[PDB]
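One chain comes next, on its own, written as structure tokens: the form deposited in one PDB entry.
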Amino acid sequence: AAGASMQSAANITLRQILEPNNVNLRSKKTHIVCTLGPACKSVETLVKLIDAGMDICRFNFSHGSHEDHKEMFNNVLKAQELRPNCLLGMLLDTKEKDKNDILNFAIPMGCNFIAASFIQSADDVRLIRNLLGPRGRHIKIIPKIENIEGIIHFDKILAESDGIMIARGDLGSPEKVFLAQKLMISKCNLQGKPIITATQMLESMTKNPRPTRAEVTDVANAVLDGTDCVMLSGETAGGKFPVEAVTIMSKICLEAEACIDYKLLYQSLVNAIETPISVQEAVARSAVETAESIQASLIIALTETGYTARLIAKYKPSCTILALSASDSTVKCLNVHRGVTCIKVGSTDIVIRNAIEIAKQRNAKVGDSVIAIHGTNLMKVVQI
């Protein structure tokens, strides 16, 4: 749906298939959620995952105690202390009984995402929003869907939620198992909410170094379906090869992303989105359109709330999106959106000039055009 066109697939070169592409693993547009576990216990193993393209850290609260999860949360902070340029996001998976693991464990530790289990209505997401309160106003709520009633109210749930998480095993007639995956991802894509595909795609990586040919295909299809994120479960938690699993994920994502017809993807989006778009959203459209027209390397989005960056991400430009924010809660929450890499800033040329030097160091190159957007609404085009 958000993948290759007839023309895009037929233009796949021999160099893409025969010769391994050499690119920075974190330059990938699709983002990776790793479930932290006993194999991730080591700080040396956590930094290895970051270099292998880890973007979001999952803390599965359905097993274990708070005191052991505090040890992981402290460990990943030390791992993030080692690599200053990169920044991670923290997600907590739920299992009433998890209310003490939400009100006390998530609020104090400062998680970014809440994976609320077995949500059935739009009323349910208001309850988890009320329990969080003003102190938990920055924590994003992500409904997981395992129940048929949740699919029936999916539109009403999507509208209030901060993005949804979907797993193939949770949804289960066996013939119509892929339909749900494709329907929901596309509906999220149009609404602009980020989608996490939780399905364990690489269950072979738990014991074997390289995955089966069918599992590779499965991952590629999910990227081409239009998912923002993918998830490793047993591969990272209790597997023999956790680092090589994330490395393979980023490799497949980068390879699948090379097939995407971004021109078609934009047109598909513009044609389907509701008739009346706001003034701010119109400028965001121009930014993407201009980025494609001049083949720019970056779109720098200056935002505080993370709203402006969330507008660029909806229309999915081919180039990288660089979000610049003063809020450290913003720069960690935007990891849920694909094609978004964010940098924390202090307080026009103030942050844009510094962004170009930082992107050149994380090579972006000299002689490139860059699009800057700030929201009342501004759009700058500067040479590198």
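From 1 onward, residues are counted along the sequence shown. Each form is matched to the other, and the largest set of C-alpha atoms that superpose within 1.5 Å is called the rigid core.
The form deposited in another entry exists for this protein as well; it is not shown, and the discussion that follows is about that form.
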| query | finding |
| --- | --- |
| Did residue 155 shift 2 Å or more between this form and the one not shown, C-alpha, core superposed | no |
| Rigid-core frame, C-alpha of residue 10, shift of 2 angstroms or more between this form and the one not shown | yes |
| Rigid-core frame, C-alpha of residue 71, shift of 2 angstroms or more between this form and the one not shown | no |
